[PDB]
>>> print(open('data10.pdb').read())   # PDB, C-alpha atoms
ATOM      1  CA  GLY A 149      80.743  76.942 169.347  1.00  0.00           C
ATOM      2  CA  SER A 150      78.455  73.956 169.422  1.00  0.00           C
ATOM      3  CA  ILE A 151      78.935  71.768 172.514  1.00  0.00           C
ATOM      4  CA  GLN A 152      76.349  69.104 171.503  1.00  0.00           C
ATOM      5  CA  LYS A 153      74.545  66.753 173.973  1.00  0.00           C
ATOM      6  CA  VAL A 154      71.814  69.181 174.886  1.00  0.00           C
ATOM      7  CA  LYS A 155      68.881  69.128 172.476  1.00  0.00           C
ATOM      8  CA  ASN A 156      65.573  70.764 173.077  1.00  0.00           C
ATOM      9  CA  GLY A 157      62.465  70.632 171.016  1.00  0.00           C
ATOM     10  CA  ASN A 158      59.351  70.985 173.050  1.00  0.00           C
ATOM     11  CA  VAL A 159      55.996  71.570 171.462  1.00  0.00           C
ATOM     12  CA  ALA A 160      54.912  75.146 171.630  1.00  0.00           C
ATOM     13  CA  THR A 161      55.600  78.200 169.714  1.00  0.00           C
ATOM     14  CA  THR A 162      59.267  77.625 169.720  1.00  0.00           C
ATOM     15  CA  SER A 163      60.576  79.595 166.818  1.00  0.00           C
ATOM     16  CA  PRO A 164      63.810  78.464 165.131  1.00  0.00           C
ATOM     17  CA  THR A 165      66.887  80.738 164.912  1.00  0.00           C
ATOM     18  CA  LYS A 166      67.273  83.564 167.442  1.00  0.00           C
ATOM     19  CA  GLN A 167      70.190  85.037 169.317  1.00  0.00           C
ATOM     20  CA  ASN A 168      69.100  83.224 172.540  1.00  0.00           C
ATOM     21  CA  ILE A 169      69.736  86.364 174.531  1.00  0.00           C
ATOM     22  CA  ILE A 170      67.580  88.021 177.192  1.00  0.00           C
ATOM     23  CA  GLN A 171      67.806  91.517 178.485  1.00  0.00           C
ATOM     24  CA  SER A 172      65.807  92.640 181.434  1.00  0.00           C
ATOM     25  CA  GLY A 173      64.402  95.910 182.523  1.00  0.00           C
ATOM     26  CA  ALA A 174      65.631  97.752 185.547  1.00  0.00           C
ATOM     27  CA  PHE A 175      64.499  95.827 188.605  1.00  0.00           C
ATOM     28  CA  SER A 176      64.982  96.116 192.336  1.00  0.00           C
ATOM     29  CA  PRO A 177      68.420  95.200 193.824  1.00  0.00           C
ATOM     30  CA  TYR A 178      66.871  92.730 196.320  1.00  0.00           C
ATOM     31  CA  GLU A 179      65.713  90.441 193.484  1.00  0.00           C
ATOM     32  CA  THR A 180      69.156  90.541 191.971  1.00  0.00           C
ATOM     33  CA  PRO A 181      70.610  87.672 194.205  1.00  0.00           C
ATOM     34  CA  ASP A 182      67.818  85.308 193.118  1.00  0.00           C
ATOM     35  CA  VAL A 183      67.996  86.205 189.431  1.00  0.00           C
ATOM     36  CA  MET A 184      71.799  85.764 189.599  1.00  0.00           C
ATOM     37  CA  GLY A 185      71.010  82.370 191.033  1.00  0.00           C
ATOM     38  CA  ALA A 186      68.824  81.576 188.017  1.00  0.00           C
ATOM     39  CA  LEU A 187      71.530  82.680 185.573  1.00  0.00           C
ATOM     40  CA  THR A 188      74.058  80.627 187.469  1.00  0.00           C
ATOM     41  CA  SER A 189      71.731  77.609 187.624  1.00  0.00           C
ATOM     42  CA  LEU A 190      70.966  77.960 183.936  1.00  0.00           C
ATOM     43  CA  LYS A 191      74.687  78.553 183.273  1.00  0.00           C
ATOM     44  CA  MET A 192      73.922  81.632 181.290  1.00  0.00           C
ATOM     45  CA  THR A 193      75.774  84.420 183.040  1.00  0.00           C
ATOM     46  CA  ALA A 194      74.861  88.077 182.588  1.00  0.00           C
ATOM     47  CA  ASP A 195      76.175  91.542 183.125  1.00  0.00           C
ATOM     48  CA  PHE A 196      74.154  93.450 185.673  1.00  0.00           C
ATOM     49  CA  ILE A 197      74.309  97.139 185.165  1.00  0.00           C
ATOM     50  CA  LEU A 198      73.356  99.205 188.146  1.00  0.00           C
ATOM     51  CA  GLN A 199      71.613 102.345 187.307  1.00  0.00           C
ATOM     52  CA  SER A 200      72.026 105.466 189.435  1.00  0.00           C
ATOM     53  CA  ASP A 201      68.346 105.267 190.345  1.00  0.00           C
ATOM     54  CA  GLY A 202      69.088 102.177 192.427  1.00  0.00           C
ATOM     55  CA  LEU A 203      67.878  99.499 190.057  1.00  0.00           C
ATOM     56  CA  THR A 204      69.789  97.053 187.959  1.00  0.00           C
ATOM     57  CA  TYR A 205      69.197  95.119 184.763  1.00  0.00           C
ATOM     58  CA  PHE A 206      71.048  92.256 183.247  1.00  0.00           C
ATOM     59  CA  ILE A 207      71.887  91.328 179.768  1.00  0.00           C
ATOM     60  CA  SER A 208      72.344  87.593 179.378  1.00  0.00           C
ATOM     61  CA  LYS A 209      74.882  86.263 176.969  1.00  0.00           C
ATOM     62  CA  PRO A 210      73.734  83.687 174.285  1.00  0.00           C
ATOM     63  CA  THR A 211      72.772  80.213 175.510  1.00  0.00           C
ATOM     64  CA  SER A 212      70.485  77.386 174.242  1.00  0.00           C
ATOM     65  CA  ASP A 213      66.676  77.642 173.721  1.00  0.00           C
ATOM     66  CA  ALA A 214      66.093  75.381 176.751  1.00  0.00           C
ATOM     67  CA  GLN A 215      68.042  77.600 179.111  1.00  0.00           C
ATOM     68  CA  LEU A 216      66.705  80.699 177.305  1.00  0.00           C
ATOM     69  CA  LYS A 217      63.108  79.627 177.724  1.00  0.00           C
ATOM     70  CA  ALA A 218      63.477  79.061 181.446  1.00  0.00           C
ATOM     71  CA  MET A 219      65.203  82.299 182.080  1.00  0.00           C
ATOM     72  CA  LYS A 220      62.691  84.468 180.282  1.00  0.00           C
ATOM     73  CA  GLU A 221      59.857  82.477 181.807  1.00  0.00           C
ATOM     74  CA  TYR A 222      61.419  83.397 185.196  1.00  0.00           C
ATOM     75  CA  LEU A 223      61.334  87.091 184.387  1.00  0.00           C
ATOM     76  CA  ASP A 224      57.782  86.423 183.309  1.00  0.00           C
ATOM     77  CA  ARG A 225      57.121  84.931 186.768  1.00  0.00           C
ATOM     78  CA  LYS A 226      58.384  88.173 188.214  1.00  0.00           C
ATOM     79  CA  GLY A 227      56.240  90.171 185.850  1.00  0.00           C
ATOM     80  CA  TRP A 228      59.336  92.087 184.767  1.00  0.00           C
ATOM     81  CA  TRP A 229      59.870  93.641 181.436  1.00  0.00           C
ATOM     82  CA  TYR A 230      62.440  91.907 179.294  1.00  0.00           C
ATOM     83  CA  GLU A 231      63.607  91.427 175.752  1.00  0.00           C
ATOM     84  CA  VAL A 232      64.243  88.222 173.968  1.00  0.00           C
ATOM     85  CA  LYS A 233      67.084  88.522 171.628  1.00  0.00           C
TER      86      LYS A 233
ATOM     87  CA  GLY B 349      79.282 116.816 188.337  1.00  0.00           C
ATOM     88  CA  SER B 350      78.865 120.509 188.895  1.00  0.00           C
ATOM     89  CA  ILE B 351      75.753 120.509 191.051  1.00  0.00           C
ATOM     90  CA  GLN B 352      76.821 122.831 193.914  1.00  0.00           C
ATOM     91  CA  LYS B 353      76.006 122.546 197.669  1.00  0.00           C
ATOM     92  CA  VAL B 354      78.120 119.448 197.828  1.00  0.00           C
ATOM     93  CA  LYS B 355      80.723 119.886 200.475  1.00  0.00           C
ATOM     94  CA  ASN B 356      81.735 116.370 200.975  1.00  0.00           C
ATOM     95  CA  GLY B 357      85.352 115.787 200.350  1.00  0.00           C
ATOM     96  CA  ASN B 358      86.999 114.817 203.576  1.00  0.00           C
ATOM     97  CA  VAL B 359      90.611 113.625 203.364  1.00  0.00           C
ATOM     98  CA  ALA B 360      91.417 110.146 202.173  1.00  0.00           C
ATOM     99  CA  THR B 361      94.184 108.230 200.491  1.00  0.00           C
ATOM    100  CA  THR B 362      94.957 110.893 197.948  1.00  0.00           C
ATOM    101  CA  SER B 363      97.147 109.369 195.308  1.00  0.00           C
ATOM    102  CA  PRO B 364      98.108 111.539 192.274  1.00  0.00           C
ATOM    103  CA  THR B 365      96.475 110.799 188.909  1.00  0.00           C
ATOM    104  CA  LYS B 366      94.014 108.476 190.536  1.00  0.00           C
ATOM    105  CA  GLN B 367      90.990 107.438 188.628  1.00  0.00           C
ATOM    106  CA  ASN B 368      88.824 107.245 191.723  1.00  0.00           C
ATOM    107  CA  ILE B 369      87.500 103.893 190.670  1.00  0.00           C
ATOM    108  CA  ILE B 370      87.136 100.778 192.806  1.00  0.00           C
ATOM    109  CA  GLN B 371      86.708  97.316 191.393  1.00  0.00           C
ATOM    110  CA  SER B 372      85.912  94.445 193.614  1.00  0.00           C
ATOM    111  CA  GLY B 373      86.635  90.796 193.393  1.00  0.00           C
ATOM    112  CA  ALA B 374      84.026  88.121 192.942  1.00  0.00           C
ATOM    113  CA  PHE B 375      81.803  88.055 196.032  1.00  0.00           C
ATOM    114  CA  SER B 376      78.611  86.311 197.106  1.00  0.00           C
ATOM    115  CA  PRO B 377      75.319  87.164 195.267  1.00  0.00           C
ATOM    116  CA  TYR B 378      73.317  87.628 198.512  1.00  0.00           C
ATOM    117  CA  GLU B 379      75.467  90.644 199.454  1.00  0.00           C
ATOM    118  CA  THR B 380      74.883  92.162 196.046  1.00  0.00           C
ATOM    119  CA  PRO B 381      71.564  93.972 197.088  1.00  0.00           C
ATOM    120  CA  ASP B 382      73.376  95.678 199.975  1.00  0.00           C
ATOM    121  CA  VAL B 383      76.425  96.699 197.997  1.00  0.00           C
ATOM    122  CA  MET B 384      74.153  98.038 195.194  1.00  0.00           C
ATOM    123  CA  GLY B 385      72.494 100.154 197.845  1.00  0.00           C
ATOM    124  CA  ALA B 386      75.857 101.419 199.052  1.00  0.00           C
ATOM    125  CA  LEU B 387      76.845 102.404 195.510  1.00  0.00           C
ATOM    126  CA  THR B 388      73.545 104.123 194.918  1.00  0.00           C
ATOM    127  CA  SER B 389      73.875 105.918 198.267  1.00  0.00           C
ATOM    128  CA  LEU B 390      77.549 106.814 197.716  1.00  0.00           C
ATOM    129  CA  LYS B 391      76.565 107.963 194.203  1.00  0.00           C
ATOM    130  CA  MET B 392      79.109 105.723 192.644  1.00  0.00           C
ATOM    131  CA  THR B 393      77.109 103.351 190.403  1.00  0.00           C
ATOM    132  CA  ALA B 394      78.756 100.149 189.060  1.00  0.00           C
ATOM    133  CA  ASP B 395      78.590  97.274 186.674  1.00  0.00           C
ATOM    134  CA  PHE B 396      78.160  93.926 188.313  1.00  0.00           C
ATOM    135  CA  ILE B 397      79.567  91.081 186.366  1.00  0.00           C
ATOM    136  CA  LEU B 398      78.217  87.721 187.270  1.00  0.00           C
ATOM    137  CA  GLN B 399      80.581  84.888 186.776  1.00  0.00           C
ATOM    138  CA  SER B 400      79.522  81.369 185.718  1.00  0.00           C
ATOM    139  CA  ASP B 401      80.565  80.168 189.192  1.00  0.00           C
ATOM    140  CA  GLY B 402      77.787  82.215 190.722  1.00  0.00           C
ATOM    141  CA  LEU B 403      79.693  85.159 192.131  1.00  0.00           C
ATOM    142  CA  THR B 404      79.658  88.745 191.033  1.00  0.00           C
ATOM    143  CA  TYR B 405      81.878  91.807 191.309  1.00  0.00           C
ATOM    144  CA  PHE B 406      81.386  95.452 190.599  1.00  0.00           C
ATOM    145  CA  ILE B 407      83.363  98.028 188.774  1.00  0.00           C
ATOM    146  CA  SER B 408      82.472 101.433 190.079  1.00  0.00           C
ATOM    147  CA  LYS B 409      82.343 104.577 188.036  1.00  0.00           C
ATOM    148  CA  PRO B 410      84.683 107.466 189.022  1.00  0.00           C
ATOM    149  CA  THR B 411      83.590 109.449 192.017  1.00  0.00           C
ATOM    150  CA  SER B 412      85.207 111.593 194.683  1.00  0.00           C
ATOM    151  CA  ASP B 413      87.772 110.084 197.045  1.00  0.00           C
ATOM    152  CA  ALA B 414      85.584 110.833 200.073  1.00  0.00           C
ATOM    153  CA  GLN B 415      82.816 108.675 198.616  1.00  0.00           C
ATOM    154  CA  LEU B 416      84.966 105.828 197.444  1.00  0.00           C
ATOM    155  CA  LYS B 417      87.019 105.774 200.654  1.00  0.00           C
ATOM    156  CA  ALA B 418      83.935 104.620 202.509  1.00  0.00           C
ATOM    157  CA  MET B 419      83.095 102.187 199.816  1.00  0.00           C
ATOM    158  CA  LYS B 420      86.508 100.531 199.784  1.00  0.00           C
ATOM    159  CA  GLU B 421      86.425 100.286 203.574  1.00  0.00           C
ATOM    160  CA  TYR B 422      82.956  98.738 203.165  1.00  0.00           C
ATOM    161  CA  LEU B 423      84.474  96.088 200.959  1.00  0.00           C
ATOM    162  CA  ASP B 424      87.082  95.624 203.652  1.00  0.00           C
ATOM    163  CA  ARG B 425      84.326  95.194 206.281  1.00  0.00           C
ATOM    164  CA  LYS B 426      83.051  92.405 204.089  1.00  0.00           C
ATOM    165  CA  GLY B 427      86.525  91.003 203.694  1.00  0.00           C
ATOM    166  CA  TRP B 428      86.315  91.241 199.911  1.00  0.00           C
ATOM    167  CA  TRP B 429      89.234  91.899 197.653  1.00  0.00           C
ATOM    168  CA  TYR B 430      89.229  95.107 195.628  1.00  0.00           C
ATOM    169  CA  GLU B 431      91.474  97.549 193.796  1.00  0.00           C
ATOM    170  CA  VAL B 432      91.553 101.255 194.146  1.00  0.00           C
ATOM    171  CA  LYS B 433      92.218 102.996 190.916  1.00  0.00           C
TER     172      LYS B 433
END
>>> encode(input="data10.pdb", output="structure tokens")
Amino acid sequence: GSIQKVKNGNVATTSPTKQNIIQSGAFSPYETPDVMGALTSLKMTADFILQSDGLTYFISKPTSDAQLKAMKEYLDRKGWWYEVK
Amino acid sequence: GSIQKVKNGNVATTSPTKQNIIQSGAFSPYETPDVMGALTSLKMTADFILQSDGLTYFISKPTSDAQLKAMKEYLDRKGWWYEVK
């Protein structure tokens, strides 16, 4: 539901109405602790599926645009492939 | 699966109708890279659920008891809680 308080409306190409979800591509297990830290810090939480190849990817459950933006921008810092949903 | 040349099935806690699954309790994110390696090495593979508190746990996919036995003892080496299915 809507928890209020947090409002975000920064100038940029910030499109209205999305799912506010981010899915990543399979990345190396050693980056996992730090990305979990981001999700925890951004209070997003995600399910990290380990693939048999020895890589994992997370799917982050819906949050706000402000938390969303920072999380995807993080994956962008890592140069990882991701999906904004 | 049926891949042949795999003689690795040393005795373990052989309980009837076991699922051969091990789920852990919420543990620290920095140990996640190591445990993901263990799963990948022990050919188990798992889903790591991150909690909002900043801890994660894995649910491992069914494997042989000889593989999982070492994995559960690994969790014990770490002093983490787990369940053997």
>>> resolve_selection(input="data10.pdb", expression="the ChimeraX specification (/A :<9) & /B", output="ChimeraX atom specification")
/B:376-382,384-385,387-389,391-404,406
>>> write_last_selection(input="data10.pdb", atoms="C-alpha atoms", output="compact mmCIF listing (two decimals), in the coordinates of the input")
# COMPACT_ATOMS: atom_id res chain seq x y z
CA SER B 376 78.61 86.31 197.11
CA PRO B 377 75.32 87.16 195.27
CA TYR B 378 73.32 87.63 198.51
CA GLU B 379 75.47 90.64 199.45
CA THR B 380 74.88 92.16 196.05
CA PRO B 381 71.56 93.97 197.09
CA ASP B 382 73.38 95.68 199.98
CA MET B 384 74.15 98.04 195.19
CA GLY B 385 72.49 100.15 197.84
CA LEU B 387 76.84 102.40 195.51
CA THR B 388 73.54 104.12 194.92
CA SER B 389 73.88 105.92 198.27
CA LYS B 391 76.56 107.96 194.20
CA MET B 392 79.11 105.72 192.64
CA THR B 393 77.11 103.35 190.40
CA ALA B 394 78.76 100.15 189.06
CA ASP B 395 78.59 97.27 186.67
CA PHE B 396 78.16 93.93 188.31
CA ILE B 397 79.57 91.08 186.37
CA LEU B 398 78.22 87.72 187.27
CA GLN B 399 80.58 84.89 186.78
CA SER B 400 79.52 81.37 185.72
CA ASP B 401 80.56 80.17 189.19
CA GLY B 402 77.79 82.22 190.72
CA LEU B 403 79.69 85.16 192.13
CA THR B 404 79.66 88.74 191.03
CA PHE B 406 81.39 95.45 190.60
>>> calpha_fit_rmsd(input="data10.pdb", fixed="chain B", moving="chain A")
1.9 Å
>>> residues_around(input="data10.pdb", residues="residue 413 (chain B)", least_positions_apart="2", cutoff="7 Å", atoms="all atoms listed in the file", output="number ranges by chain")
B: 360, 368, 411, 415-417
>>> atom_distance(input="data10.pdb", atom1="CA of residue 167 (chain A)", atom2="CA of residue 209 (chain A)")
9.1 Å
>>> residues_around(input="data10.pdb", residues="region 218-233 of chain A", least_positions_apart="4", cutoff="6 Å", atoms="all atoms listed in the file", output="JSON list (two decimals) with C-alpha atoms, in the frame of the given file")
[["chain", "number", "residue", "atom", "x", "y", "z"],
["A", 167, "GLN", "CA", 70.19, 85.04, 169.32],
["A", 168, "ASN", "CA", 69.10, 83.22, 172.54],
["A", 169, "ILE", "CA", 69.74, 86.36, 174.53],
["A", 170, "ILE", "CA", 67.58, 88.02, 177.19],
["A", 171, "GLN", "CA", 67.81, 91.52, 178.48],
["A", 172, "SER", "CA", 65.81, 92.64, 181.43],
["A", 173, "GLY", "CA", 64.40, 95.91, 182.52]]
>>> axis_aligned_box(input="data10.pdb", around="region 377-395 of chain B", padding_each_side="4 Å", output="AutoDock Vina command-line options")
--center_x 75.3 --center_y 97.6 --center_z 193.3 --size_x 15.5 --size_y 28.8 --size_z 21.3
>>> atom_distance(input="data10.pdb", atom1="CA of residue 349 (chain B)", atom2="CA of residue 361 (chain B)")
21.1 Å
>>> atom_distance(input="data10.pdb", atom1="CA of residue 212 (chain A)", atom2="CA of residue 157 (chain A)")
11.0 Å
